[PDB]
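Single chain ahead, written as structure tokens, the form deposited in one PDB entry.
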């Protein structure tokens, strides 16, 4: 029971923690029906609106007014934000020239620059192009501070997963808010964006910034605002908190606006009706900045202007219905719209038939505007599988479309799609003493921001998925000095210890400086492996997994592609430096009716026939389904050379990935669940390739003076090409399309392999971290 007879007098929006029996006077009080009886009366005044007018200057204070224009308002901290402009002849902040802020200029008693996070819902990155004609305050923040052209949200590109990712630095699969709506089979309970279940703490994992701050003795303002509280009151409240005594004042603040998302849904992102909401948000930013100027804080505070996701054109006329594909959709529950998650209507309904459902949803219409995936087959870059709240069956929906269960307008916009889709990208601007001045930075992922906010606050971040230091380039100071991980396993460099006669493998056959331009990868786990040198490639061959952890080679732009001769079609040779016992055997391949093999270094790119025979080495071989071979051969034979030509040479590192439990992390031996028939040769779930060149394409890759350029992939190792609806055609019609979908960051590959790349370069470690987080999106 909470005793609501208490009073909020002297208590409005108090930061003090207040539990029942006591009644409350904060933002959460309504959700808990715990407000004091006079909360709305005392704490939510609205009289006279939010702006001083000339006729109010030097009024006697009426405590019934929403804000004040009396002479004493400044000392008390409750002036309307435009008081000085109207009453004292000052200028709005937006009308002042931009001046670099080289160090914080903070009033007496401020020990560090406060951080204010200004989040806007559904703010598409491209809205920024509207510029000062529509958003003069925001344009000033953007042009004078540090901005990215866009910031990449997490999937699904909806509000709750993204706001909580901003707060935690975690992927949804890790923080647990995997959708605006979700079912947890262990709780047997359902979470919705609207309603009370979401208030239960059991849903929310990781450690959000406000808790990190609090635990480390840094005080936070609210990070939740009741929907009933107007934006003007949110801003006034923040400004009032900033006026508090040194011993009460928070260091970090959050503002949230539900616009322009609401209007985007109603009118679509390109609607003329979007101008007004955008003007309104700008006016709010203006109130904040004017208010800060009144407090002499406008050159003291760090401000982050950040969105949760973008907005796409989606109308009623573009809806796929599952009832067109499946016979009884009333027996399933679909989380619908811009994504699909399917489970039986009755939890654990035993007659649920997922393989039959997937088969009926696979490439059944030529223009089909979604694609079904078991979650472990989703592109690894989405990091969307390792959580019990994520249904096994997922539908990745085409941009501009919806998926609905059945047929049984008012909306022209929506979001939720694949987070590399352009329309889903959102905004980032940082302005203030700790950010750079008039600086543009490359796009980056929202998972990175938690570390930076911790930096801006002097906090040590909880473990998260950001790569700390990858955003140091946004900052004038307070950068984090990263340190290189220590290698855990040093390699063996084995010479010949055997003879061809030594092997009974079933086969028949009738540098470091040049091929590892950025140094050899460090192995960050305990294992046993051999460095193997060759004319055309180097590898780290694992004695445990019976194949390379990595194969590294450089291909000049002028490099010549050769065919493989018909007599060498099935040539596999023993490797005299590696024991027969630590080798794969071709008998297993001849014997497995479903699994073939491929090579990490492609024979096609041999320097010479003598060298080409090295490519057929048993230690360059890896297990590949014929379906995958269609992809890999096209990549090895055609694409690698094409990249070399377009990029002026490339350095390639390729290898296997084992992630049977789909947690995005290197499997231990125990976790591997498939082997070549009759053998102990483990089967990769994916194959990766990291392709690097000189950012300045005029320089060849091996002669690169400056920054690097990288693209990487994590290709799923599957027994069929059902994912590619056009795979019956020549590889030139579908393989690249598949590869683009499975683009990846180097950092993703690092998690999955336990390797550390780019350890020997002429660039800073921070620059390299940025490179490792880069994602080539093909948008």
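Residue numbers count along the first chain shown, from 1. The term rigid core refers to the maximal set of C-alpha atoms that superpose within 1.5 Å between the two forms.
- Across the other PDB entries of this protein whose models span the neighbouring residues, residue 135 is modelled without exception, so it is unmodelled in far fewer than a third.
- Figure legend: residue 408 is marked as unmodelled in at least a third of the other comparable entries of the protein.
- Unmodelled residues of the deposited sequence between residue 408 and residue 409: 4 to 9.
- In this entry, residue 510 is separated from residue 511 by 10 or more residues of the deposited sequence that have no coordinates.
- When the mean C-alpha temperature factors of 225-233 and 458-466 are read from the deposited coordinates, 225-233 comes out higher.
- The question of which stretch, 715-723 or 62-70, has the higher mean Cα B factor is settled in favour of 62-70.
- Going by the entry's values, 537 shows the largest Cα B-factor out of 187, 597, 537, 305.
- For the set 146, 159, 275, 528, the PDB entry assigns the largest Cα B-factor to 528.
- When the CA B factors of the chain's modelled residues are split into thirds, the value for residue 737 lands in the middle one.
- For residue 15, the recorded CA B-factor ranks within the highest third of the chain. Only modelled residues enter the ranking.
- Among the modelled residues of its chain, residue 607 has a C-alpha B-factor that falls in the highest third according to the deposited record.
- Ranked within its chain, residue 331 lands in the middle third, by CA B factor from the PDB record.
- Residue 579: CA B factor in the highest third of modelled residues in this chain (values from the PDB entry).
Beyond what is shown, the protein has a form deposited in another entry; the following relates to that form.
- Large C-alpha shift between the shown form and the other one, rigid core held fixed: of 216, 558, 569, 349, this applies to 349 alone, with a displacement of 2 Å or more.
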